[PDB]
């Protein structure tokens, strides 16, 4: 694909605005946004996580106005929605000490977002290659011990919700030329969430050539993970807690040959 000039005129720009809800596992009708309580297998060999215990990547395919011209994604505004909810330290929590408030959501977090002109490309990496992934999830197949470091057989597209567990897939750095992705994993059982909100921050999506993601077949792909940490119940059982992510993307028409 050869990239030519940007179109101008009022008609030449468009915006997409939406939110992606988290997919933390939702273990019952009351627990949307939470995983099932986390349990620990006795050995690597016996690791067989329940589906509702595994957070998944979120994805949305957004149809754009029908258009050779392509929509080019230029800027992104994004934020995590509902950061203050984590101030509820009075709901079935475990007191930090005698008479204390509830232990807040804390521990390992993964905050990730991407904007692309096609589905996010994934590479599988397993903590433990013998983990048995549950029916209903899409996971690295034919895993070997090399899957614990790098097995190039594990290639996928983020093309379905509630399907791709966070713990076994990452953005494939060898691909994704037509996507911009950003993530941070903060590990450790006591790490505190640090969540910033503002409507004043824009990320520019253009590459070093001044070209943003180009939307193949007039579709924009948005992906997210916002595992904020773990909620600890009074019993001490812990569940992942996630929040939704807002996206606002500006796009312009670009001619290509």
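Numbering follows the first chain given and starts at 1.
According to the entry, the stretch of the deposited sequence that connects residue 67 to residue 68 contains 4 to 9 residues lacking coordinates, which leaves a gap of moderate length in the model. Of the two segments examined, 77 to 85 and 91 to 99, it is 91 to 99 that shows the higher average Cα temperature factor in the deposited entry. Checked against the record, the higher mean CA B factor of 167 to 175 and 183 to 191 lies with 183 to 191. When all modelled residues of the chain are sorted by CA temperature factor, residue 57 is found within the lowest third. In this PDB entry, the Cα temperature factor of residue 235 sits in the top third of its chain's modelled residues, the highest group. Residue 24 sits in the middle third of its chain by CA B factor, as recorded in the PDB entry. For residue 221, the recorded CA temperature factor ranks within the middle third of the chain's modelled residues. Among all modelled residues in this chain, the alpha-carbon of residue 162 has a temperature factor (C-alpha) in the highest third.
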